[PDB]
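Asks: Questions regarding the structure given below will be posed in turn.
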Amino acid sequence: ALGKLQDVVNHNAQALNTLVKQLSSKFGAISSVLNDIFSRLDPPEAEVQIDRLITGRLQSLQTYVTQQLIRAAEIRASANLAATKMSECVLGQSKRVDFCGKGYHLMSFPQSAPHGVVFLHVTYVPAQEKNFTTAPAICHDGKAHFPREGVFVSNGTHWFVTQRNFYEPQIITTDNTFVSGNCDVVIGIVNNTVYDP
Amino acid sequence: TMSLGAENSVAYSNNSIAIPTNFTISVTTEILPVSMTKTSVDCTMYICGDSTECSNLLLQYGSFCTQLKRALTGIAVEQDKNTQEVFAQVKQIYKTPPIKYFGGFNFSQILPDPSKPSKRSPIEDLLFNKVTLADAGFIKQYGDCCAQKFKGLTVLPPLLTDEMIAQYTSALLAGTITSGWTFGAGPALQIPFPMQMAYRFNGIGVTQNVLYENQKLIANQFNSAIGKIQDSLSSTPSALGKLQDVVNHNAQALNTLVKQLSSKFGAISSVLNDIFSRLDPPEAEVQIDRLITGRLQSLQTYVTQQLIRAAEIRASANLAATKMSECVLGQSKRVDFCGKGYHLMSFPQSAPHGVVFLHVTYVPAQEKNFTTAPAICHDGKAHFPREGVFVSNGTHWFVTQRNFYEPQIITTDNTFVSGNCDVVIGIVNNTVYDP
Amino acid sequence: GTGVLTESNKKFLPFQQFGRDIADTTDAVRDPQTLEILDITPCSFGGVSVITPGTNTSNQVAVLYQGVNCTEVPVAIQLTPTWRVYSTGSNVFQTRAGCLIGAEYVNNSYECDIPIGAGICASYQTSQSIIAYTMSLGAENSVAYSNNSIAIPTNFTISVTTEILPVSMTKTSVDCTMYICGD
Amino acid sequence: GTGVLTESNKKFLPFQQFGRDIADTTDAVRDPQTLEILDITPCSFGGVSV
Amino acid sequence: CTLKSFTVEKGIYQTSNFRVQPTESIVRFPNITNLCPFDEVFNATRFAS
Ligand SMILES: *[C@@H]1O[C@H](CO)[C@@H](O[C@@H]2O[C@H](CO)[C@@H](O)[C@H](O)[C@H]2NC(C)=O)[C@H](O)[C@H]1NC(C)=O
Ligand SMILES: *[C@@H]1O[C@H](CO)[C@@H](O[C@@H]2O[C@H](CO)[C@@H](O)[C@H](O)[C@H]2NC(C)=O)[C@H](O)[C@H]1NC(C)=O
Ligand SMILES: *[C@@H]1O[C@H](CO)[C@@H](O[C@@H]2O[C@H](CO)[C@@H](O)[C@H](O)[C@H]2NC(C)=O)[C@H](O)[C@H]1NC(C)=O
Ligand SMILES: *[C@@H]1O[C@H](CO)[C@@H](O[C@@H]2O[C@H](CO)[C@@H](O)[C@H](O)[C@H]2NC(C)=O)[C@H](O)[C@H]1NC(C)=O
Ligand SMILES: *[C@@H]1O[C@H](CO)[C@@H](O[C@@H]2O[C@H](CO)[C@@H](O)[C@H](O)[C@H]2NC(C)=O)[C@H](O)[C@H]1NC(C)=O
Ligand SMILES: *[C@@H]1O[C@H](CO)[C@@H](O[C@@H]2O[C@H](CO)[C@@H](O)[C@H](O)[C@H]2NC(C)=O)[C@H](O)[C@H]1NC(C)=O
Ligand SMILES: *[C@@H]1O[C@H](CO)[C@@H](O[C@@H]2O[C@H](CO)[C@@H](O)[C@H](O)[C@H]2NC(C)=O)[C@H](O)[C@H]1NC(C)=O
Ligand SMILES: *[C@@H]1O[C@H](CO)[C@@H](O[C@@H]2O[C@H](CO)[C@@H](O)[C@H](O)[C@H]2NC(C)=O)[C@H](O)[C@H]1NC(C)=O
Ligand SMILES: *[C@@H]1O[C@H](CO)[C@@H](O[C@@H]2O[C@H](CO)[C@@H](O)[C@H](O)[C@H]2NC(C)=O)[C@H](O)[C@H]1NC(C)=O
Ligand SMILES: *[C@@H]1O[C@H](CO)[C@@H](O[C@@H]2O[C@H](CO)[C@@H](O)[C@H](O)[C@H]2NC(C)=O)[C@H](O)[C@H]1NC(C)=O
Ligand SMILES: *[C@@H]1O[C@H](CO)[C@@H](O[C@@H]2O[C@H](CO)[C@@H](O)[C@H](O)[C@H]2NC(C)=O)[C@H](O)[C@H]1NC(C)=O
Ligand SMILES: *[C@@H]1O[C@H](CO)[C@@H](O)[C@H](O)[C@H]1NC(C)=O
Ligand SMILES: *[C@@H]1O[C@H](CO)[C@@H](O)[C@H](O)[C@H]1NC(C)=O
Ligand SMILES: *[C@@H]1O[C@H](CO)[C@@H](O)[C@H](O)[C@H]1NC(C)=O
Ligand SMILES: *[C@@H]1O[C@H](CO)[C@@H](O)[C@H](O)[C@H]1NC(C)=O
Ligand SMILES: *[C@@H]1O[C@H](CO)[C@@H](O)[C@H](O)[C@H]1NC(C)=O
């Protein structure tokens, strides 16, 4: 991906080379050499040919500046994005999805590069997923129980509550769940025993 | 004189608090341009129309044709990249389940419709038909005709056709419905949809028990809200103006280029053969020089306009790319980034030369006055609510979540204790029940 | 004018003698000798684009004839006259982008390598010849959604990915007087 | 033209008398009087900033 | 030639254009018939002195 940095270098080199090549253009004049025109054409009419050249060089110069101005805007937009990425990813943990790396973002390490910056994004991605049967809530004593920070699962025999991103089953207790309402309203509620410590 | 808005006053007062009773799910539409028309110009044809002498005189002017061709080529390549970044954010194409029952909601308006030959959702077609009323290319006259052309101006087809683009939106929709945010971070994990919305409710600070208790009510609101989108979109008020402006801008610029051909630019006439025939070759070239330079400067101006116009389109595409990642692929805490109100989820919908986002947002409603106190003094120690607000309905004090009015009795579990009672300002006598 | 002349269905008023299109280019002309209205269309033209795997990975090339039927301008067609465009025996594929010469088409779908356009991409693949194909949009996976099926990861991996961002460009200055008027 | 004239190590073939640079500007010459290869370098210059 | 390099990287490059040249010239008749009658004056019986 270093071509992204390389393309920045090549475009400037290419644009400068294009400007240099434009000097050989006659622009409708007799020749592209300023001195030769003056010795070949007398001052009363030489300025007619010189003006053709002066306009041609001036137009080429004007376009080059305009291209640079447009290109500079693109770099500045990239620079602002990099500055935000440095602040949001390197200097802190970002909750924005895909802003810093792919997957859940842990940290980012900045690395200097010529005419740019390289970010090493440390990301947490899961693996080895396992299916489970779930229920929105559990009915124990006529009262619906909802997992406080987890999700109810069972392997088929005994129900459990575990964190969403990592599999760590625990026995359903009054500490793990908060009770609200009754069992009739919630759709898909499942009977189970809620242990009390 | 413009009226900025309806004058409103809110009764701010210490110990006075307003809490909503329940909510209103609202679906808002947002349209962002993504890519513009890829165009190329035949350098010789535009400047000189079937004139060898002009063709010869064009050669010594310089390598502008190479320069102009390169500039437009960079724009054309960038356009395809913009579409790729916005839509190609899923590594794996996902298929919707054969059964369309999702906890009482449709997604039928946004899900692709097998009936239509074009695998597009009903909402996609309304977007397509409305925008295509003023469209360009169509068949592109691949067979003999027309759409300008014959002057050097050509239109290059996009890398990704509409059908494949629709598949991407279809793939994103299937993943979001079945997996929520998980497929964005890593491998897709299935999750019952009512539970998935329950997760997003917790993200915006509403306890999941609220959703399950009102699942039927929420589903009806969501289904009804989607229905209003089709009518609002199919309505004459064109929110698709931003997409239309891109089409008009390209057409307006191209039309200007054709108009510039008729300009004499200071020469006696704008017909190349007329200049050569009427004038002797010594004097004729002088007028030809003016016409060539004038036509060239017009071509150079058009390229500069296109290059400038290519900037914000990429900026719009970059913004759209983040929105698809930040809103569609997960819940966004950023305010007003994805719709108005607390963002719940977003559905992407493909559009001609752009993307339409359907932001599903949580909007509170039906607020009620209440009397509040920063802390409660029970046994000489100040008690602070762990998450909720301390509200008094008038004779008793309760704790309830900030967004939904669900009062509860004050318990040691709801409130954590710290410090004595005198230091804090506005503390109130009350009893904290101990289970 | 120069172009292919054909009969026209256009209807001219008796004083009308020529007709122009939207772009104010002559698109129909009434013959002087015979009152027939003849349509003028420009002789077939278009850009030519060359697909190459790279000089060092072989030297075979594929030529794309942009925005024209293969039928109207086959290998028979001059401009680049030494180019025989190989022959009709060489696989000729018709795409929305344009005529394609020197590459064959396969039903197998791979990731895009050289973007032809309009959903067509070309690559060098096996014996080794330039092959044109439709882009593989991605691998297809169907996730089993149900009323009560939940998938929870049991195990994780830590991944490090790199992002490249340009920051600054070369600072340049131009002495205009030297450039425009050197010595 | 105006510049600094120096001996040049570039070898000119006997027919060659002029040499040109990348910018298509004359960079070397063969003296009309004595057949010798001379390159031309522009006089010293540089931007001035205060 | 266009890339001005002896080596070419993998990709797609626009090189030139192709145009079908005209095969033969042609011109059409205004069907003119207003012939000058000066011929028959030359072709007269009597002539002034
Ligand atoms: C579902 O999970 C529970 C928790 O481990 C399993 O129950 C235990 O299984 C082990 C292995 O046989 C026994 O040593 C324990 O005594 C079990 N616990 C109880 C409370 O009985 C249960 O077996 C799992 N389901 C299946 C089908 O294996
Ligand atoms: C869960 O258990 C409750 C209670 O056992 C069931 O609710 C009803 O409870 C009354 C008295 O407790 C019984 O007479 C009824 O027979 C129960 N209902 C039914 C349909 O049998 C509840 O149905 C149970 N739910 C599940 C999914 O097992
Ligand atoms: C609660 O609010 C009321 C009105 O919003 C406050 O009443 C006035 O507050 C100012 C600010 O110090 C005093 O100068 C006035 O003297 C108050 N009014 C009266 C009639 O005394 C009240 O002070 C606020 N509560 C507290 C503790 O500051
Ligand atoms: C929650 O807000 C909704 C707003 O729609 C209220 O729902 C309405 O309730 C009445 C009476 O139950 C029905 O006739 C309407 O059809 C409902 N609206 C819709 C759109 O279906 C509801 O009353 C509010 N809940 C509370 C507790 O105030
Ligand atoms: C979820 O369970 C329900 C059964 O309650 C099934 O979905 C549909 O539910 C309605 C009303 O309960 C029935 O009338 C339909 O017949 C059910 N669909 C089918 C295809 O039978 C279904 O088993 C589950 N939903 C899924 C798998 O999407
Ligand atoms: C899901 O939404 C679809 C689309 O609105 C419903 O299907 C339509 O129901 C309306 C009822 O007025 C009728 O027009 C047709 O029966 C359906 N098609 C169209 C084009 O409107 C459906 O009732 C909703 N619920 C489901 C499928 O369970
Ligand atoms: C503030 O406190 C409670 C809220 O639950 C209300 O008191 C109940 O009122 C109903 C009838 O209005 C009685 O049947 C209950 O026995 C009361 N319970 C208790 C604990 O007081 C009280 O009315 C509320 N205040 C207002 C103005 O509604
Ligand atoms: C909260 O309750 C305490 C306990 O009674 C109150 O403190 C008493 O205040 C009175 C009058 O200010 C004194 O005579 C008592 O000696 C205090 N007792 C204690 C134990 O502090 C306090 O005033 C109450 N707060 C409010 C706002 O009414
Ligand atoms: C001038 O035009 C007339 C018709 O406009 C030509 O007549 C053609 O030949 C015969 C004899 O007049 C007609 O019956 C045909 O209908 C005419 N043909 C066409 C195509 O119009 C006549 O020949 C023309 N003059 C000359 C010298 O050819
Ligand atoms: C959990 O079990 C269910 C029941 O078999 C799995 O559902 C099928 O899984 C196989 C392979 O795992 C797929 O080929 C089928 O397509 C699934 N069924 C349907 C209807 O799509 C489910 O995949 C299992 N969970 C995981 C993570 O493999
Ligand atoms: C968690 O995942 C990791 C990596 O996916 C695995 O750990 C490997 O376990 C095997 C067998 O115990 C070892 O030979 C490897 O060396 C481990 N990996 C590394 C990087 O050390 C395994 O799938 C899971 N490990 C645990 C402990 O659950
Ligand atoms: C090619 O020309 C034929 C007629 O000769 C026409 O039917 C066909 O539509 C043309 N090709 C395309 C892609 O339109
Ligand atoms: C709260 O009380 C103020 C003052 O009486 C009133 O203006 C306001 O409307 C009340 N709030 C509600 C939601 O009724
Ligand atoms: C490309 O060709 C050059 C010259 O033949 C060779 O040095 C180089 O290794 C080749 N590149 C690859 C990737 O094989
Ligand atoms: C491949 O595609 C062509 C047309 O694209 C079709 O005629 C053919 O039947 C397909 N299958 C095979 C095996 O060629
Ligand atoms: C005259 O010119 C010739 C050709 O360059 C040169 O060789 C010769 O030496 C010149 N005469 C003198 C006296 O230098």
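Residues 696-840, 851-1140, in that order, are what chain B shows, numbered as in Swiss-Prot.
Quick check of the header: electron microscopy, 3.2 Å.
The backbone N, Cα and C atoms fix where each Cβ goes, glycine too.
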Asks: According to Swiss-Prot, B:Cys840 takes part in a disulfide bond; indicate which of B:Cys760, B:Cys851 is its partner.
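Replies: So the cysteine paired with B:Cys840 in Swiss-Prot is B:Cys851.
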Asks: B:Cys1032 forms a disulfide with which residue in Swiss-Prot, given the options B:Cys1043, B:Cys1082?
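Replies: When Swiss-Prot is consulted, B:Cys1032 turns out to be bridged to B:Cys1043.
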Asks: Among all the protein chains here, how many other CB atoms are within 10 A of the CB of B:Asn1098 (N-linked glycosylation site)?
Replies: 12
Asks: Output the one of B:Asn717, B:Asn801, B:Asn1074 that, of all these glycosylation sites, has the highest number of other Cβ atoms within 10 Å of its Cβ.
Replies: B:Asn801
Asks: If you count, for each of the disulfide-bonded residues B:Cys851, B:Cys1043, B:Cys1082, the other Cβ atoms lying within 10 Å of its Cβ, which residue has the minimum?
Replies: B:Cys851
Asks: Just to confirm: which same-chain residues, 6+ apart in sequence, have a Cβ under 8 Å from the Cβ of B:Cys760 (disulfide bond)?
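Replies: Counting only residues 6 or more apart in sequence, the Cβ neighbours of B:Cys760 (disulfide bond) under 8 Å are B:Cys738, B:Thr739, B:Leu753.
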Asks: Ten-angstrom check, please: count other Cβ atoms within 10 Å of the Cβ of B:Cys749 (disulfide bond), all chains counted.
Replies: 21
Asks: Sort the recorded positions B:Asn717, B:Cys851, B:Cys1032, B:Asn1074, B:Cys1082 by C-alpha distance from B:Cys743 (disulfide bond) and give me just the closest.
Replies: B:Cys851
Asks: Taking only the Cα atoms, work out how far B:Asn1098 (N-linked glycosylation site) lies from B:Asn1074 (N-linked glycosylation site), in Å, as a whole number.
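Replies: The Cα atom of B:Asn1098 (N-linked glycosylation site) is 9 Å away from the Cα atom of B:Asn1074 (N-linked glycosylation site).
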Asks: Under 8 Å Cβ-Cβ from B:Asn1134 (N-linked glycosylation site), six or more apart in the same chain: what's there?
Replies: B:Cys1082
Asks: When the Cα of B:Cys1043 (disulfide bond) is compared with the Cα of each of the recorded positions B:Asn709, B:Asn717, B:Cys749, B:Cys1126, which one is closest?
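Replies: If we rank B:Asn709, B:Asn717, B:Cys749, B:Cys1126 by Cα distance to B:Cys1043 (disulfide bond), first place goes to B:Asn717.
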Asks: Rounded to an integer, what is the Cα-Cα distance in Å between B:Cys1032 (disulfide bond) and B:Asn801 (N-linked glycosylation site)?
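Replies: It is 20 Å, counting Cα to Cα.
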Asks: If you count Cβ atoms within 10 Å of the Cβ of B:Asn709 (N-linked glycosylation site), leaving out that atom itself, what do you get?
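Replies: Counting Cβ neighbours of B:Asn709 (N-linked glycosylation site) within 10 Å gives 10.
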